[PDB]
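# A closer look at the structure
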Amino acid sequence: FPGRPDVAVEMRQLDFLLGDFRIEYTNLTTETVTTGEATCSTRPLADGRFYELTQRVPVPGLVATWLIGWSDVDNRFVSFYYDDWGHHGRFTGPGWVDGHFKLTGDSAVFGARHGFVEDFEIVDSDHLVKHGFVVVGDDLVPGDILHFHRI
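Residues numbered from 1 in each chain as written, not as in the entry; some residues may be left out. Heavy atoms only, no water. Residues with missing side-chain atoms left out of burial classes, pairs and counts.

- Under the PDB entry, the name given to the protein chain is Spirocyclase, and the source organism is Streptomyces ossamyceticus.

This is how it looks when you write it as structure tokens:
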């Protein structure tokens, strides 16, 4: 068998997520715009070859995990989502492109499969924003916005 390859340099594109963040989550698809506070922690797994983002959303009652890593063979990030409600999803993205880090894929949530786009941007080293969109028909409907402030 060959030697163990080095961590892909592309993994440095995810370092902006490392650490603990307080989340101001604004849910836009409810018929009253919810808004609330959550937390999340991102740690490297598998000797830094994959990152695990755990998002604990208190009052819905939901712990959601994202695993993300670079795939040499695919030339893109790949990501697996799952939570303690039974939901799962598959995402991919190219990396940072024009100031956004977009993951595109689909998830089985609440009894049906939906397309989702997670759009990450850095505001400053300690403040991230994420726009979530859900494919409805042909367009992308604003699903949520999350502000991450590092603890």
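There is more to say, and it comes next.
## Some remarks on the pattern of salt bridges
- In this structure the tally under the stated criterion is 9 salt bridges.
- The salt bridge involving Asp 47 is made with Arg 49; its shortest N-O contact spans 3.0 Å.
- Note on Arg 49: relative accessible area 22%, which makes it partly exposed.
- Between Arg 113 and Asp 106 there is a salt bridge whose closest N-O contact spans 3.5 Å.
- Overall, the relative accessible area of 52% leaves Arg 113 in the exposed class.
- Among the charged side chains, a network of salt bridges with common partners joins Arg 4, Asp 47 and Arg 49. (Salt bridge = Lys/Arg side-chain N within 4 Å of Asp/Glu carboxyl O. Buried < 20%, exposed > 50% of the residue type's maximum accessible area, 1.4 Å probe, protein only.)

## Some remarks on the packing of aromatic side chains
- Applying the stated criterion across every chain yields a total of 12 aromatic pairs.
- Judged by centre distance (6.2 Å) and plane angle (75 degrees), the rings of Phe 16 and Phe 120 are edge-to-face. One end of the pair, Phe 16, is in the segment before β1 (19-27); the other, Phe 120, is in strand β9 (residues 112-124), and 104 residues separate them in sequence.
- On the basis of relative accessibility, which here comes to 12%, the residue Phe 16 falls in the buried class.
- Accessibility expressed as a relative area gives 8% for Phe 120, which makes it buried.
- Considering the side-chain rings of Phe 21 and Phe 148, the 6.0 Å spacing of their centres and the 80 degrees angle between planes classify their relative orientation as edge-to-face. With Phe 21 in strand β1 and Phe 148 in strand β11 (residues 139-150), the pair connects residues that are 127 residues apart, well separated along the chain. When sorted by exposure, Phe 21 lands in the same class as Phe 148, which is buried.
- Here the aromatic residues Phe 16, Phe 21, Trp 70, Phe 77, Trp 96, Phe 101, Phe 120 and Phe 148 are joined through ring pairs into a cluster of three or more. (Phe/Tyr/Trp six-rings, centres within 6.5 Å; stacked < 30°, edge-to-face > 60°. Helix = DSSP H or I, 4+ residues; strand = E, 2+ residues; numbered from the N terminus.)

## Some thoughts on unusual backbone geometry
- Notably, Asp 47 is not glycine yet its phi reads approximately 55 degrees, a positive angle.
- Even without a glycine there, the phi angle at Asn 75 is positive, about 60 degrees.
- Structurally, the position occupied by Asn 75 is in the loop between β4 (62-71) and β5 (76-83).
- In this structure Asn 75 comes out as exposed when scored by relative accessible area, which is 53%.

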